[PDB]
Structure formats: structure tokens, C-alpha cells
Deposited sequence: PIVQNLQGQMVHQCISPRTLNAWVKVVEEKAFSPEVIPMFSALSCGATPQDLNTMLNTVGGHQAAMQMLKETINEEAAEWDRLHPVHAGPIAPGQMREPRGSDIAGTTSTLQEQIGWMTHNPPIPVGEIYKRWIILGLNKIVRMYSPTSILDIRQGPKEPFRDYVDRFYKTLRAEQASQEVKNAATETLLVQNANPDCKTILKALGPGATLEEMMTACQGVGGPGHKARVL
């Protein structure tokens, strides 16, 4: 990454063994669960394009995913070249045609051209695609069931809702109709007695017995 030293200057720093290991392990354990994406974003804090490429290249497996990721980077870089005419071109941001000190050049400049943050944005978009494609369950399939505590059901609902990353209007429509509608009989009746506009904690307290 590029971090700040004691003289106030941005200097290049080697990617640490800690960060390399944390990203490998988080992928090994949580595959493309949604929370892997914000972990990547934090683990790549200050990353140069080279570092991002290191992190992606350290992934063993998931090559279908990694290939889709390459195709998004392709999509986004070709779109960058359409919108931009020494300024970095799309392949430079992705680190195929830029050197480390060229990347350091763009990023430690005033004003900076954040090729790292730009590349990262591309990567997050592809990772977000993988999370939705690898989403195991659809929201219309989350039903509480006779013995499931309402909390555990609400957990399954918003977990599924997060992975499918649908539009905000559709998410609202999912909470507004499908969440209460697919609750077991014991709780659905208690929630109707509360009436419209009940907050989630009001619903969850109401169905703890």
C-alpha cells in the first residue's frame, strides 16, 4: 500500500504478511458471502493496483468467480478508455501495463489520480456480482416454520436479502409484504395485532414467546 510516514509524505509499503494471510483465510472460510466484500475493501486499504492484483492472485480456487471478475474488469476498463483519452488508461489502472512506481506516481501525486481506489471500485463491482450469482436461496423461499424462533427467521430473511442485492424498491417491497406474510401462524397473528408501521424490534420483542 501507500501509507503516510512521519514527515507527512505518502510512501510505498510492502503488503504485510498479516494482510496477505487475512485475505486468503477470509476467502477460504466465507467464500463469496457478502461480508467478504467489505473485508476485502478494508484489507485493501491504501492498496496499489499491484497489491490488489496480489490479493486476487493469492486466491486458490474459485476460478469461475475469478474469471467473471476478470470479465468485469474488462468491462469497466474498456468503459474507462471510452471516457478517458500522463493520464492512466484502463489497463494501467488494472496493473497490466503500469509499473509499481508508475502506480505510486499516480497515487502520490497532487492532485492524486487514485488508480488504486479506481481499480478497487472495479473489483468490488465484480465481487458484488459473484455474491449475487452465488446466492444460495431466493427471498421468496424464506419461511419461518413452526418451531423456528422469530429471531432466527428474521436473521435468515435479511441474510438472504443482503446476498440477492436487489433494488431498494424491491427490498422495501420484500420487507413490507413478504417478511410478515411468511411468518408462522403463532407470530403472524401477533404482528397483525401491532398494526402497520411496527419497528423490527417491536416485532421481535412481540414474538419471543
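Going by the record, the unmodelled stretches of the deposited sequence, in order, are 86-96, 221-231.
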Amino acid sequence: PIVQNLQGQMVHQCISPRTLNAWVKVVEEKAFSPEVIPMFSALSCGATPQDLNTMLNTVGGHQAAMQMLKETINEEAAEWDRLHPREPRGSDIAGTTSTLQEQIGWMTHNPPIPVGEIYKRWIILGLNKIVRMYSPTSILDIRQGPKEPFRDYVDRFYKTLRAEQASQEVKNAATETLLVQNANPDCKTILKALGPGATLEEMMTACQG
From here on, numbers count along this sequence of modelled residues.
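Checked against the record, the higher mean CA B factor of 157-165 and 171-179 lies with 171-179. Looking at 106-114 and 68-76 together, the entry lists the larger mean B-factor for 106-114, computed on C-alpha atoms. Per the deposited coordinates, the residue with the largest Cα temperature factor out of 192, 12, 25, 18 is 192. The PDB entry assigns its highest CA temperature factor, among 151, 62, 147, 143, to 147. Split the chain's modelled residues into thirds by C-alpha temperature factor. Residue 120 is in the lowest one. Among the modelled residues of its chain, residue 126 has a C-alpha B-factor that falls in the lowest third according to the deposited record.
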